[PDB]
Protein chains: 4
Amino acid sequence: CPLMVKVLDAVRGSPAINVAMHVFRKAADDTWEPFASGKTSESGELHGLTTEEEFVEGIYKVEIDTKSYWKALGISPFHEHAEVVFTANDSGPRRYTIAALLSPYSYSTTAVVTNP
Amino acid sequence: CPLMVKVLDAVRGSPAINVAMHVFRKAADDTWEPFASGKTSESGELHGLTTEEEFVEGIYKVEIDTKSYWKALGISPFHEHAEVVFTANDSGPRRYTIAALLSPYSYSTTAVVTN
Amino acid sequence: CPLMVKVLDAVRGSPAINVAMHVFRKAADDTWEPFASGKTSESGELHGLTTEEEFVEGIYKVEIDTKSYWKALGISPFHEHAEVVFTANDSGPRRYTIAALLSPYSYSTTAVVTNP
Amino acid sequence: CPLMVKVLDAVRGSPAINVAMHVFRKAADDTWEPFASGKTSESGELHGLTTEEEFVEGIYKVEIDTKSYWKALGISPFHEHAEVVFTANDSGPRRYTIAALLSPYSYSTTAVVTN
Ligand SMILES: Cc1cc(OCC(=O)O)cc(C)c1Cc1ccc(O)c(C(C)C)c1
Ligand SMILES: Cc1cc(OCC(=O)O)cc(C)c1Cc1ccc(O)c(C(C)C)c1
C-alpha cells in the first residue's frame, strides 16, 4: 500500500530488524495525532501502516526508535530517534517508501515517491 | 563553543547558506522549549548557539528549515525540515558538531563529538 | 541471485533508471578483468549479473556510470562514476545488495550482505 | 590549498584519524598515475596534497584506505577502499573539499566546490 519504511544497519550491513516506529499526522489544531505504528520485519521493512483512503493529504511524521535498536546491541548512540516529517499527497495520492540507513552517530533518510 | 552546526548542499556542491534553524530543550512535561536559533553563514556554519554553562545535560532538538532553503532555490523538497534529537552531555560536557548533508529528497546527519 | 544493485535519485526521490554499470573481478595477476554489466530497470534495479557458481571468492569492482545519468538530465555532476570495491564470499557464498543513492555532488553506497 | 579531504567516523562520532589515502591523475593512456598521498590529522583532515600551479585540469582519483582504518579499530569492513573520481577545474581553478563519512558497510562522499 501507500507507505512503507525500510531500515538498514550500516555497521553490520544488514536490515535493521525489530525497529519500532510511530507515525503521526498533524491535526487541524496543529497537534501531532497518533496515526499508526509497527516494528520492522526480518527484512528491515514495515508495511501495512495505512490504506489509500485513510492516507489523506496532510503533514506526517515517522519517528523511528533508533536509540532502542542500538541500545539492544550494546551501543549508546547519538540520536534519540530518526524523524521523517513530510507533506503527503498534496498533488493527489502517491506511494512513499521511507529508506533509513543507521549508524551509531549518523542517520540518512531518503524518500522514493511514485505514482500508483 | 559547545554546539556547532555545519550544513552542506549536495545539489550545488556548496555550503548551504542562510539555512534557518531552531534549537529546543525538552521540558519536564515533555514539551519542547525553544531556546536558541540562527541561520548558517556563507560557509554553511552556525556557531554561538549556547555557552558551556548554559548547555546542561538534557534532551535537545535542532530543527533545520530545509524546506525554506529548497524553496529559495526553486527546487521541490520532500521534507518539512530536518530534526536532530539527542541527549547532551550524558557523561560530561562535550563539543558537538552536527553535520548535515542536504538533498531535495534525502538528508543525512552526523555528530562529531569531542572532549 | 547473488549480486543486485539498487540505485536511487536523491534529487527527484525516485529510482535512478537506465543507469549503466560494469562489474570487474581482480585477476591473479592484479589486473581488473571484465566480469558483467547492465543498466538499471524502471525500478532502479539490476539483477542477473552473475550466478552462485560463477561468483567465486575475489575482489570485485562495480563502476556505476553516474555522470551519464546526470548529464542526460542536463546536469554536470562532480563524480565521474561511483565505484564500489569489495572482497566477496571469503567466508563462503553470500548474497550482496549494493544500494547507491545519487545527488549531483554526493553519493552514498551501502551493502546488505545476507546468508542464502 | 586547492584540495582538502575531511573524513568522519559514523560509528565513533569523531574525525577519522590516521586514514591513509593516495591521489592519482589519469594519464593519456588511461592508466592512473599516483602523484600525492597522506594521512588524516587528529581533526580528520588532509591538506597540502597539491598546489594551484600543479593542480591542472584532468581526471583525478582519491583512494581512501578505509579497510586499514576499520582493521585498526577491530571492526569488520565491507569495502576495500573508498574512491572519489572527478574531473577537476573544468571551467577554471576551484577549491575542492572532499567530505567522506565512513561506516563499516557504508560510505558517502560529497564535494564542496568553491571559487
Ligand atoms: C528502496 C529499497 C527497497 C528495498 O526493498 C527490498 C529488497 O529489494 O530486498 C531494498 C533496498 C536496498 C532499497 C534501497 C535502500 C533501502 C534502504 C536504504 O537505507 C538505502 C540507502 C541508500 C539510504 C537504500
Ligand atoms: C567539510 C567539513 C568542514 C568543516 O569545517 C567546520 C569546522 O571547522 O569545524 C567541518 C566538518 C564537520 C565538515 C564535514 C561535513 C560537514 C557537513 C556535512 O554534511 C558532512 C557530511 C558529508 C557528513 C561533512
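Note that each Cβ is placed from the backbone with ideal geometry, even for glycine, and that neighbours are counted across all protein chains shown. None of the figures in this text is laboratory data; all of them are computed from the coordinates on show.
Checking the conditions here, which among C:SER103, C:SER91 is facing another protein chain (nearest Cβ under 7 Å) and under 28 Å from A:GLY44 (Cβ atoms)?
On the way: C:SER91 fails: facing another protein chain (nearest Cβ under 7 Å).
Residue meeting the stated conditions: C:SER103.
Hey, could you check the range C:78-104 for residues that are more than 15 Å from C:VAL5 (Cα to Cα) and within 16 Å of ligand 2 (Cβ to nearest atom) and say which is surrounded by the fewest Cβ atoms within 10 Å (Cβ to Cβ)?
Filtering the range C:78-104 for residues that are more than 15 Å from C:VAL5 (Cα to Cα) and within 16 Å of ligand 2 (Cβ to nearest atom), the one surrounded by the fewest Cβ atoms within 10 Å (Cβ to Cβ) comes out as C:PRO104.
What strands (runs of 3 or more DSSP E) lie completely within the range D:1-50 and have 3 or more residues being touching a residue at least 40 places away in the same chain (Cβ under 8 Å)?
Output list reads D:3-9, D:20-26.
Can you tell me which residues in the range C:40-55 are surrounded by 15 or more Cβ atoms within 10 Å (Cβ to Cβ) and either among the β-branched types (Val, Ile, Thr) or within 16 Å of ligand 2 (Cβ to nearest atom) (or both)?
Passing the criteria: C:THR40, C:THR50.
Within the range B:59-71, track down each residue that is within 16 Å of A:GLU83 (Cα to Cα) and either out of contact with any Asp or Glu (no Cβ under 8 Å at 6 or more places or on another chain) or surrounded by 22 or more Cβ atoms within 10 Å (Cβ to Cβ) (or both). Break it down stepwise before answering.
We begin by selecting, within the range B:59-71, every residue within 16 Å of A:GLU83 (Cα to Cα); these are B:59-67.
Those that are within 16 Å of A:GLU83 (Cα to Cα) and either out of contact with any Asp or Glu (no Cβ under 8 Å at 6 or more places or on another chain) or surrounded by 22 or more Cβ atoms within 10 Å (Cβ to Cβ) (or both): B:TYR60, B:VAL62, B:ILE64, B:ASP65, B:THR66.
Quick check: is even one residue across the range C:18-25 among the hydrophobic types (A, V, I, L, M, F, W, C), surrounded by fewer than 18 Cβ atoms within 10 Å (Cβ to Cβ) and in contact with a helix residue (DSSP H, G or I) (Cβ under 7 Å, 6 or more places away or on another chain)?
Yes, that holds for at least one residue.
Which of the following residues is of a type in the set (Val, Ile, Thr), in contact with a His (Cβ under 8 Å, 6 or more places away or on another chain) and more than 11 Å from ligand 2 (Cβ to nearest atom): B:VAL23, B:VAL19, B:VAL11, B:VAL62?
The conditions single out B:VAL62.
With respect to A:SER37, is the statement that it is in contact with a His (Cβ under 9 Å, 6 or more places away or on another chain) and either surrounded by fewer than 16 Cβ atoms within 10 Å (Cβ to Cβ) or more than 19 Å from B:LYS67 (Cβ to Cβ) (or both) true?
In short, yes.
Please verify whether A:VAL5 is under 13 Å from A:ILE98 (Cα atoms) and out of contact with any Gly (no Cβ under 8 Å at 6 or more places or on another chain), treating the condition exactly as stated.
Judged against the criteria, A:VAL5 is a match.
Within the range C:36-59, count every residue that is under 19 Å from C:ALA99 (Cα atoms) and assigned to a strand (DSSP E or B).
So the count comes out to 7.
From the residues in the range A:61-116 that are in contact (Cβ under 8 Å) with a residue 40 or more places away in the chain and of a type in the set (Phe, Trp, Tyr), which one is nearest to ligand 1 (Cβ to nearest atom)?
A:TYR107
Could you grab me the full set of residues in the range B:87-113 that are more than 10 Å from ligand 2 (Cβ to nearest atom), part of a strand (DSSP E or B) and either within 13 Å of chain C (Cβ to nearest Cβ) or β-branched (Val, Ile, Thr) (or both)?
Filtering the range B:87-113 down to residues more than 10 Å from ligand 2 (Cβ to nearest atom) leaves B:87-94, B:96, B:103-106, B:113.
With the extra rule that they be part of a strand (DSSP E or B), the set shrinks to B:87-88, B:90, B:92, B:96, B:103, B:106, B:113.
Of everything in the range B:87-113, those that are more than 10 Å from ligand 2 (Cβ to nearest atom), part of a strand (DSSP E or B) and either within 13 Å of chain C (Cβ to nearest Cβ) or β-branched (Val, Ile, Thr) (or both) turn out to be B:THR87, B:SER103, B:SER106, B:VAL113.
If you go through the range C:60-83, how many residues are in a loop (DSSP other than H, G, I, E, B) and either more than 10 Å from chain D (Cβ to nearest Cβ) or of a type in the set (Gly, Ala, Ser) (or both)? Explain how you work it out, then say what you get.
Going through the range C:60-83, the residues in a loop (DSSP other than H, G, I, E, B) turn out to be C:65, C:73-78, C:80-81.
Next, only the ones that are either more than 10 Å from chain D (Cβ to nearest Cβ) or of a type in the set (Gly, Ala, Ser) (or both) stay: C:65, C:73-76.
Within the range C:60-83, residues that are in a loop (DSSP other than H, G, I, E, B) and either more than 10 Å from chain D (Cβ to nearest Cβ) or of a type in the set (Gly, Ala, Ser) (or both) number 5.
Kindly evaluate A:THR97 against the criterion of being within 11 Å of the chain's Cα centre (by Cα) and within 14 Å of chain D (Cβ to nearest Cβ). Please lay out each step first, then the result.
Numbers: within 11 Å of the chain's Cα centre (by Cα): yes; within 14 Å of chain D (Cβ to nearest Cβ): no.
The answer is no for A:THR97.
Condition check: more than 16 Å from ligand 1 (Cβ to nearest atom), under 15 Å from the mean Cα position of the chain (by Cα) and more than 12 Å from every other protein chain (Cβ to nearest Cβ). Does D:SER43 satisfy that? Even if it seems obvious, please write down each step before you answer.
Details: more than 16 Å from ligand 1 (Cβ to nearest atom): yes; under 15 Å from the mean Cα position of the chain (by Cα): yes; more than 12 Å from every other protein chain (Cβ to nearest Cβ): no.
Here the answer is no, as D:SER43 does not meet what is asked.
Quick check on the range B:72-86: of everything there that is of a type in the set (A, V, I, L, M) and assigned to a strand (DSSP E or B), which residue is surrounded by the fewest Cβ atoms within 10 Å (Cβ to Cβ)?
Result: B:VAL85.
Could you tell me which numbered condition B:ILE59 fails, if it satisfies all but one of (1) on the phi > 0 side of the Ramachandran plot; (2) touching a residue at least 12 places away in the same chain (Cβ under 8 Å); (3) not hydroxyl-bearing (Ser, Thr, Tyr)?
Result: B:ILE59 fails condition (1) only.
Working only within the range A:58-68, note down all residues that are under 14 Å from the mean Cα position of the chain (by Cα) and not basic (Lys, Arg).
A:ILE59, A:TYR60, A:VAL62, A:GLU63, A:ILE64, A:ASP65, A:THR66 - these are the residues of the range A:58-68 that are under 14 Å from the mean Cα position of the chain (by Cα) and not basic (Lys, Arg).
Residues being part of a strand (DSSP E or B) and hydrophobic (A, V, I, L, M, F, W, C): count how many of those fall in the range C:1-35.
Selection size over the range C:1-35: 11.
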